[PDB]
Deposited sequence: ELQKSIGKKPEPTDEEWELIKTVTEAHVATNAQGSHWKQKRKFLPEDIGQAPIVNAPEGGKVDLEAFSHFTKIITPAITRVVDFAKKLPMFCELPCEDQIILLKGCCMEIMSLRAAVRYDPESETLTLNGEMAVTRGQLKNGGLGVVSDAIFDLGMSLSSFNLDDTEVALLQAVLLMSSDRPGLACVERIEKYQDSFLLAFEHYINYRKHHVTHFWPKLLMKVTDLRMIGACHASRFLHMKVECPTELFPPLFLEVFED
């Protein structure tokens, strides 16, 4: 914070280089093409089908990342549950968004399937599609590596704001540790875009929205499409 007054812009402590070693390994371990015909999407029940055939593995990989982080494993059992449930979609939207490519204008879902904005949207996501795309478009320019996505993810995971969490103080603290190892890692990367870090923290807000905006969306679907249509893990994590 005095280093912050002098504009010293520090790079990570050795102790911190550990944290970066782990989240990037946890992340690369679990981050994983085929264009889904313009045929599908163009509620579409066939777009519905194709995107829920593949979401159960996506969710486990997001869990497998949290398992690989040891700060996560220090938490009581009902708290672990609660975090995973919160960021599950948040983490998931980012993971897709950074795999935008503007030539085709497609994301890559689950690391295989390549969807346009209308295709993802018509399978039941509505504006939650537009949010994940608009985002991936903006992150085109930020040029994130596995380590930054990893840390962003680890910031999302450790969100003491979740309803019914018990170990708030400790989780918050863990989070500040990722944010500090993250900001120091940005400093170290020297990105050519003024206020890179402020700009990047607003992506946390937008991802937080998407997750929310997806839960609401999921209530509009529960109405018309019965619960029977939904992969049992998806249900356990979004209900």
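Unmodelled regions of the deposited chain, listed from N- to C-terminal end, are 33 to 40, 51 to 61, 259.
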